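Heads up: the structure comes next, in structure tokens.
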Amino acid sequence: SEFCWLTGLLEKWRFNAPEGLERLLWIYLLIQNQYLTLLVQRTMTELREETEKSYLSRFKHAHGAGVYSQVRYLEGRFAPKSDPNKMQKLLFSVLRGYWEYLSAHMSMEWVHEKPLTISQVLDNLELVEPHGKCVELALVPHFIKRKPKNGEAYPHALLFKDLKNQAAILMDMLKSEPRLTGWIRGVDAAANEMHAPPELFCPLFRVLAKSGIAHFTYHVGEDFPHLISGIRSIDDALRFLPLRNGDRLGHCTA
Amino acid sequence: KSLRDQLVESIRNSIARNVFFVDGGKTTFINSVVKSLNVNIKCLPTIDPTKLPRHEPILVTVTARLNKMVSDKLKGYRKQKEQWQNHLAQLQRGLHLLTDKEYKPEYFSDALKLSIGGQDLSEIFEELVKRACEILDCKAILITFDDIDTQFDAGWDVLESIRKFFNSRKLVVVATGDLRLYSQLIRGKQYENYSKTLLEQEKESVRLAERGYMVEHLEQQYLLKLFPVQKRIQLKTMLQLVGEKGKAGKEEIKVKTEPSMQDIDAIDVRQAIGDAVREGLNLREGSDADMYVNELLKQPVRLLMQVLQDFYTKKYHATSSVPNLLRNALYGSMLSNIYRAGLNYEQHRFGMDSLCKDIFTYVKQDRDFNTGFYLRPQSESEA
Ligand SMILES: [Zn+2]
């Protein structure tokens with residue numbers, strides 16, 4: 001819509017423009033710019049992304065303008081929610097978006113043409129096969145590390161409370177529907193590093209692995225007090241996290 | 001015994017509502033019955049409704065026992081398994097209908113998925129039983145439910161489980177208890193259907209009356225359908241199982257009185273009772289003592305067995321007074337009976353003082369006033 005509108009406006013102003021409207025256009029464009037800069041340099045708005053519209057958009061962009069998907073393998077990273085209900089809502093949104101994306105390109109017996117539950121969605125999806133025409137999704141929950149609080153039994157105790165909560169939620173969905181494991185492939189711990197050192201997560205990663213989480217990821221080396229500090233972070237992550245062959249770390253800028 | 005056998009025959013010629021009922025011990029008889037069936041019908045572990053958390057549906061309980069039976073008959077020796085989980089998941093998903101205190105709209109489109117139209121949990125259950133008997137190669141399933149004397153309220157719930165889910169020809173119900181409580185509970189929540197303002201406003205004899213007539217008629221008619229009389233069981237009582245005054249005695253019972261009791265010292269049952277009374281009653285062997293013991297052979301088997309098991313137990317203990325060893329037994333037998341009688345409770349205040357006042361209280365409560373001091377167990381109340 002904006003594309004068409006600005007196109008028409010510019011066409012009408014091909015030779016000249018009313019200065020008042022034109023001042024309106026500077027101000028509009030500028031406001032856009034600074035708001036955008038603020039945003040990039042940076043919750044409810046993200047929650048508004050919890051419809052099968054944003055993810056379908058993501059998928060259509062990932063696919064090129066052609067019949068074959070421009071990308072092959074996509075990683076779908078999502079923030080875990082402390083509510084089982086919010087968790088499942090997000091998951092169903094993502095899955096339905098992916099199914100609709102694939103449907104928009106392939107014709108086949110979809111069992112549930114209008115699925116409504118994650119179970120139905122997986123029922124649709126399992127009939128899909130890796131030809132490569134469309135994108136192949138892999139999903140990963142974020143772990144956000146917050147600065148430790150003033151008073152607690154041990155460092156990052158409360159943050160660990162929250163993270164175990166999210167993890168219990170996740171493993172219990174895994175139990176209820178084991179089929180998702182073909183889709184929730186790995187878990188990643190992101191966010192500013194100094195707020196928590198990695199070891200806080202090794203038991204978390206271990207229990208998740210036993211839950212059935214293949215793959216693990218953890219941001220490192222990105223930001224740090226001293227380059228030596230970043231290097232130490234990275235190596236300790238190596239020697240502590242339950243990372244197997246082929247796992248992937250992240251930035252490691254140190 | 002014989003009763004359970006006729007019952008076995010009756011349910012057997014039923015697969016050829018579908019709910020047998022047993023009036024009334026009760027649990028022992030039902031357990032024996034289930035053992036009897038071990039014409040292929042598969043039994044369920046007995047359902048003790050009173051022994052269930054306040055939040056379960058009879059249907060979920062049934063589904064759980066069915067799950068175990070199907071799965072283990074399945075681990076014995078596939079796609080039947082695979083087919084079963086489909087029904088299981090359908091049940092899980094449609095399960096909310098019962099629990100939900102409100103309708104969530106999302107359940108609507110849920111009901112819009114796919115043979116009657118909707119998400120009938122009862123039909124889902126019927127395909128469930130279809131699969132179950134198809135896999136177990138049995139003609140039907142018996143659902144065996146315990147009396148709800150300890151909680152007569154949960155029973156209602158089993159009643160609706162029956163009505164809404166068990167209107168199938170491959171399932172048969174075995175209920176147990178006293179239909180009087182059934183009547184009350186069904187009535188009680190019949191009354192609960194009215195509008196509070198309605199009765200709050202129409203508190204006059206006339207309208208009270210016709211609504212009572214309506215509720216009572218509906219209770220009667222609904223009990224008719226739920227417990228059709230033909231398949232109800234009256235059951236034989238202990239005294240009915242024992243000669244009234246010796247001119248009877250199909251299947252002598254005989255009880256153990258001494259630890260040795262090598263099956264030849266069994267002092268009848270009627271005779272043991274008569275000895276216990278007469279000697280503890282210093283009662284002679286006349287007609288009233290007989291009829292006294294007849295009004296003893298009524299008492300529920302648990303009470304009588306305890307009262308006649310503590311009798312000879314303590315007699316043997318003391319022998320390595322009959323009236324006091326027996327009095328202590330009667331005390332335990334009727335304590336809450338005596339307790340609600342409002343009579344002397346402490347045992348340190350027996351004397352003969354309290355006895356006269358307590359006899360006065362008994363005679364006044366029995367009205368009588370003519371032969372009350374006879375203390376005849378002739379009153380209408382078993383208390
Ligand atoms: Zn990053």
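For the structure tokens, the naming scheme is as follows: chains receive sequential letters (A, B, ...) according to their order of presentation, residues are indexed from 1 within each chain, and ligands are indexed from 1 in presentation order.
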Compute the set of protein, DNA and RNA residues whose minimum atom distance to ligand 1 is at most 9 Å, using only C-alpha atoms and all ligand atoms, and state it as a tab-separated table (two decimals) with N, CA, C and O atoms, in the first residue's frame.
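Contents of the output file selection-v9.tsv:
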chain	number	residue	atom	x	y	z
A	190	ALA	N	20.91	-16.65	24.57
A	190	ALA	CA	21.33	-15.41	23.96
A	190	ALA	C	21.28	-14.27	24.97
A	190	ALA	O	21.10	-14.49	26.18
A	191	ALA	N	21.46	-13.05	24.48
A	191	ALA	CA	21.36	-11.81	25.25
A	191	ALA	C	22.73	-11.37	25.75
A	191	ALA	O	23.72	-12.10	25.61
A	219	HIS	N	25.43	-17.84	22.97
A	219	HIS	CA	26.15	-16.65	22.52
A	219	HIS	C	27.40	-16.45	23.37
A	219	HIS	O	27.35	-16.58	24.60
A	220	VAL	N	28.53	-16.15	22.73
A	220	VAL	CA	29.79	-15.90	23.43
A	220	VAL	C	30.67	-14.95	22.63
A	220	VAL	O	30.40	-14.66	21.46
A	222	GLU	N	30.95	-12.08	22.15
A	222	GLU	CA	30.40	-10.91	21.48
A	222	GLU	C	30.75	-9.63	22.23
A	222	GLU	O	31.39	-8.73	21.69
A	250	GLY	N	27.94	-19.29	18.22
A	250	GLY	CA	27.39	-17.98	18.00
A	250	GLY	C	28.40	-16.97	17.51
A	250	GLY	O	29.02	-17.15	16.46
A	251	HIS	N	28.58	-15.90	18.28
A	251	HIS	CA	29.38	-14.77	17.80
A	251	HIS	C	30.87	-15.02	18.02
A	251	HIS	O	31.65	-14.98	17.06
**Request:** Assign secondary structure with DSSP using the backbone only, and return the residues of range 141-196 of chain A in alpha helix (DSSP H) as a list in words.
**Result:**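 Alpha helix (DSSP H) members of range 141-196 of chain A, listed: residues 157, 158, 159, 160, 161, 162, 163, 164, 165, 166, 167, 168, 169, 170, 171, 172, 173, 174, 175 and 176 of chain A.
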With N, CA and C atoms retained, write the just-selected residues as a short mmCIF file (atom, residue, chain, number, x, y, z; two decimals), in the first residue's frame.
data_model
loop_
_atom_site.label_atom_id
_atom_site.label_comp_id
_atom_site.auth_asym_id
_atom_site.auth_seq_id
_atom_site.Cartn_x
_atom_site.Cartn_y
_atom_site.Cartn_z
N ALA A 157 20.11 -16.92 41.08
CA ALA A 157 19.15 -17.92 41.53
C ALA A 157 17.78 -17.69 40.93
N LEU A 158 17.28 -16.45 40.99
CA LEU A 158 15.94 -16.16 40.48
C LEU A 158 15.86 -16.37 38.98
N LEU A 159 16.86 -15.87 38.25
CA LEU A 159 16.91 -16.10 36.82
C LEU A 159 16.87 -17.59 36.53
N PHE A 160 17.57 -18.38 37.34
CA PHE A 160 17.56 -19.82 37.15
C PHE A 160 16.18 -20.40 37.45
N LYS A 161 15.49 -19.82 38.43
CA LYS A 161 14.11 -20.22 38.68
C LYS A 161 13.30 -20.07 37.41
N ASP A 162 13.36 -18.88 36.82
CA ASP A 162 12.58 -18.61 35.62
C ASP A 162 12.95 -19.57 34.50
N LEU A 163 14.25 -19.77 34.29
CA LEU A 163 14.68 -20.61 33.19
C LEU A 163 14.23 -22.05 33.39
N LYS A 164 14.32 -22.56 34.62
CA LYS A 164 13.83 -23.92 34.84
C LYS A 164 12.34 -23.97 34.59
N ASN A 165 11.62 -22.90 34.93
CA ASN A 165 10.20 -22.88 34.62
C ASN A 165 9.97 -23.04 33.13
N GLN A 166 10.63 -22.21 32.32
CA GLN A 166 10.46 -22.31 30.88
C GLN A 166 10.82 -23.71 30.40
N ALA A 167 11.91 -24.26 30.93
CA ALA A 167 12.38 -25.55 30.46
C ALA A 167 11.40 -26.66 30.81
N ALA A 168 10.85 -26.62 32.02
CA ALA A 168 9.83 -27.58 32.39
C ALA A 168 8.65 -27.48 31.44
N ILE A 169 8.22 -26.26 31.16
CA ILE A 169 7.15 -26.07 30.19
C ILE A 169 7.51 -26.79 28.90
N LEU A 170 8.72 -26.56 28.41
CA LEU A 170 9.10 -27.09 27.12
C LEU A 170 9.12 -28.61 27.12
N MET A 171 9.81 -29.21 28.09
CA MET A 171 9.88 -30.66 28.13
C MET A 171 8.49 -31.26 28.27
N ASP A 172 7.58 -30.58 28.96
CA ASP A 172 6.26 -31.17 29.12
C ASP A 172 5.48 -31.12 27.81
N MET A 173 5.62 -30.04 27.03
CA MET A 173 5.06 -30.12 25.68
C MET A 173 5.70 -31.26 24.91
N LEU A 174 7.00 -31.45 25.06
CA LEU A 174 7.66 -32.52 24.32
C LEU A 174 7.03 -33.85 24.67
N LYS A 175 6.83 -34.10 25.95
CA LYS A 175 6.15 -35.30 26.42
C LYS A 175 4.80 -35.42 25.74
N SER A 176 3.94 -34.43 25.97
CA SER A 176 2.59 -34.47 25.43
C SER A 176 2.56 -34.77 23.94
#
**Request:** Please provide as a count of residues only all residues within 8 Å of range 290-302 of chain B, with the sequence filter that same-chain residues fewer than 5 positions apart are discarded (counting only C-alpha atoms).
**Result:** 12
**Contacts of residue 69 in chain A at 10 Å (only C-alpha atoms; same-chain gap of 3+ positions) as JSON, numbers by chain** = {"A": [59, 60, 61, 62, 63, 64, 65, 66, 72, 73, 105, 132, 133, 134, 135, 136]}
Save the residues we just selected, N, CA and C atoms, as a PDB file, in the first residue's frame?
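So result_23.pdb came out as:
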ATOM      1  N   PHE A  59       8.258 -16.275   6.043  1.00  0.00           N
ATOM      2  CA  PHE A  59       8.492 -17.418   5.174  1.00  0.00           C
ATOM      3  C   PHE A  59       8.405 -17.020   3.711  1.00  0.00           C
ATOM      4  N   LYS A  60       7.439 -16.173   3.364  1.00  0.00           N
ATOM      5  CA  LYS A  60       7.349 -15.716   1.985  1.00  0.00           C
ATOM      6  C   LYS A  60       8.573 -14.907   1.596  1.00  0.00           C
ATOM      7  N   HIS A  61       9.073 -14.065   2.499  1.00  0.00           N
ATOM      8  CA  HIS A  61      10.320 -13.372   2.207  1.00  0.00           C
ATOM      9  C   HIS A  61      11.468 -14.353   2.053  1.00  0.00           C
ATOM     10  N   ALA A  62      11.573 -15.320   2.963  1.00  0.00           N
ATOM     11  CA  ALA A  62      12.646 -16.299   2.868  1.00  0.00           C
ATOM     12  C   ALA A  62      12.630 -16.980   1.511  1.00  0.00           C
ATOM     13  N   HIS A  63      11.465 -17.449   1.088  1.00  0.00           N
ATOM     14  CA  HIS A  63      11.310 -17.879  -0.288  1.00  0.00           C
ATOM     15  C   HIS A  63      11.481 -16.678  -1.205  1.00  0.00           C
ATOM     16  N   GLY A  64      12.162 -16.887  -2.323  1.00  0.00           N
ATOM     17  CA  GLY A  64      12.365 -15.803  -3.260  1.00  0.00           C
ATOM     18  C   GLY A  64      11.082 -15.450  -3.977  1.00  0.00           C
ATOM     19  N   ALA A  65      11.193 -14.670  -5.047  1.00  0.00           N
ATOM     20  CA  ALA A  65      10.060 -14.422  -5.922  1.00  0.00           C
ATOM     21  C   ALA A  65       9.812 -15.575  -6.881  1.00  0.00           C
ATOM     22  N   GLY A  66      10.688 -16.580  -6.891  1.00  0.00           N
ATOM     23  CA  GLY A  66      10.562 -17.696  -7.800  1.00  0.00           C
ATOM     24  C   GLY A  66       9.876 -18.892  -7.169  1.00  0.00           C
ATOM     25  N   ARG A  72      17.441 -22.491   1.675  1.00  0.00           N
ATOM     26  CA  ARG A  72      17.096 -23.887   1.911  1.00  0.00           C
ATOM     27  C   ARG A  72      16.667 -24.124   3.358  1.00  0.00           C
ATOM     28  N   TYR A  73      17.569 -23.897   4.309  1.00  0.00           N
ATOM     29  CA  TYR A  73      17.358 -24.257   5.707  1.00  0.00           C
ATOM     30  C   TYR A  73      17.250 -22.997   6.549  1.00  0.00           C
ATOM     31  N   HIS A 105       2.621 -23.366  -2.000  1.00  0.00           N
ATOM     32  CA  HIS A 105       3.552 -23.787  -3.025  1.00  0.00           C
ATOM     33  C   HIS A 105       3.339 -25.219  -3.475  1.00  0.00           C
ATOM     34  N   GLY A 132      13.259 -29.665  -1.178  1.00  0.00           N
ATOM     35  CA  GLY A 132      14.042 -28.450  -1.260  1.00  0.00           C
ATOM     36  C   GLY A 132      13.350 -27.305  -1.964  1.00  0.00           C
ATOM     37  N   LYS A 133      12.170 -27.528  -2.541  1.00  0.00           N
ATOM     38  CA  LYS A 133      11.461 -26.436  -3.194  1.00  0.00           C
ATOM     39  C   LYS A 133      11.160 -25.317  -2.209  1.00  0.00           C
ATOM     40  N   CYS A 134      10.699 -25.673  -1.018  1.00  0.00           N
ATOM     41  CA  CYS A 134      10.354 -24.738   0.039  1.00  0.00           C
ATOM     42  C   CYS A 134      11.456 -24.731   1.093  1.00  0.00           C
ATOM     43  N   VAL A 135      11.255 -23.919   2.130  1.00  0.00           N
ATOM     44  CA  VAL A 135      12.225 -23.840   3.212  1.00  0.00           C
ATOM     45  C   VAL A 135      12.010 -24.982   4.198  1.00  0.00           C
ATOM     46  N   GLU A 136      13.090 -25.381   4.866  1.00  0.00           N
ATOM     47  CA  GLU A 136      13.048 -26.363   5.943  1.00  0.00           C
ATOM     48  C   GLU A 136      13.311 -25.640   7.251  1.00  0.00           C
TER      49      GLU A 136
END
Against chain B, which residues of chain A fall within 12 Å? For each one I want the closest pair of atoms and the distance in Å (one decimal), counting only C-alpha atoms, rows by chain and increasing residue number, as CSV.
residue,atom,partner,partner_atom,distance
A:111,CA,B:114,CA,10.4
A:112,CA,B:113,CA,8.6
A:113,CA,B:113,CA,10.3
A:114,CA,B:113,CA,8.9
A:115,CA,B:113,CA,8.8
A:116,CA,B:110,CA,7.3
A:117,CA,B:110,CA,8.7
A:118,CA,B:93,CA,11.9
A:119,CA,B:89,CA,9.6
A:120,CA,B:113,CA,10.5
A:123,CA,B:86,CA,11.8
A:176,CA,B:89,CA,10.7
A:177,CA,B:89,CA,10.9
